[PDB]
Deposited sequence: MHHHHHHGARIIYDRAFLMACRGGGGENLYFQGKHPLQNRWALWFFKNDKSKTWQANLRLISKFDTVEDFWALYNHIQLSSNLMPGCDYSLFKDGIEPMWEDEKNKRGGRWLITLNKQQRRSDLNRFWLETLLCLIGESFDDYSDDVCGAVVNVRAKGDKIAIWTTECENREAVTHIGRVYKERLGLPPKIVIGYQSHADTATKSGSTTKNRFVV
């Protein structure tokens, strides 16, 4: 009693009410410059059970989901999906970049696997370091990221990265980078440096 509520992938998929450890908020953003950033960022919904997750997931999937210049974000209740939030400003993200061909084959499965890591508390005590996840749907290639709260907590960040990579099913040859938000916020060429790789 006082124990973390943890669900594995098989359990979550069998529910497709069971309470979640955290309440989560789904956000939607399109950078439309005729409107201000507060108008463009929309809270879609909040949930705190497995069944309510699945009802929301099924409904968004039936709405031409993952639109072609939009971002979707799932964050713990009380964290805005912007790096300047108190819970994100000292943090960073594990980033998965998908090439054009992978929009057809991997984007849908990889976004779902990320969401199940978050809601299922798959990183043991290091799940407390997770803030949320973001998918950026773009013509040049889609990006999926897990955002974490403290870019100097090496042991939390690397455990999250390695469990995440395992849950995505990526081969050991494919390496993924963690970028500090402070480094991503400064545009310095084609790429941002990786604080860590796994």
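Non-modelled portions of the deposited polymer sequence, in sequence order: 1-6, 23-33 are the stretches of the deposited chain that have no C-alpha coordinates in the structure.
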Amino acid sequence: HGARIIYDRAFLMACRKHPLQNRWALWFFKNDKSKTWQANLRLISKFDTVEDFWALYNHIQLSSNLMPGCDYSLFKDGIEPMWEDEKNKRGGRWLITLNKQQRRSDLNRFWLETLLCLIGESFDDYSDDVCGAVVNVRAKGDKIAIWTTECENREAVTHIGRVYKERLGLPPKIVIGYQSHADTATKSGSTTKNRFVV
From here on, numbers count along this sequence of modelled residues.
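Given 167-175 and 22-30, the range whose Cα B-factors average higher in the PDB entry: It is 167-175.
Mean temperature factor over C-alpha atoms, higher-scoring stretch between 34-42 and 53-61: Going by the record's values, the stretch with the higher mean is 34-42.
Per the PDB entry, maximal CA B factor within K87, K76, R104, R93: Comparing C-alpha B-factors across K87, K76, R104, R93, the maximum falls on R104.
Residue of maximum C-alpha B factor among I146, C151, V135, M67, per deposited coordinates: Comparing C-alpha B-factors across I146, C151, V135, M67, the top value belongs to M67.
Ranked against its chain, the third holding the CA B-factor of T114: Its C-alpha B-factor, which the entry lists for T114, ranks in the lowest third among residues of this chain.
Cα B factor band for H181 (lowest, middle or highest third within the chain): For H181, whose C-alpha B-factor we compare with every modelled residue in the chain, the answer is the lowest third.
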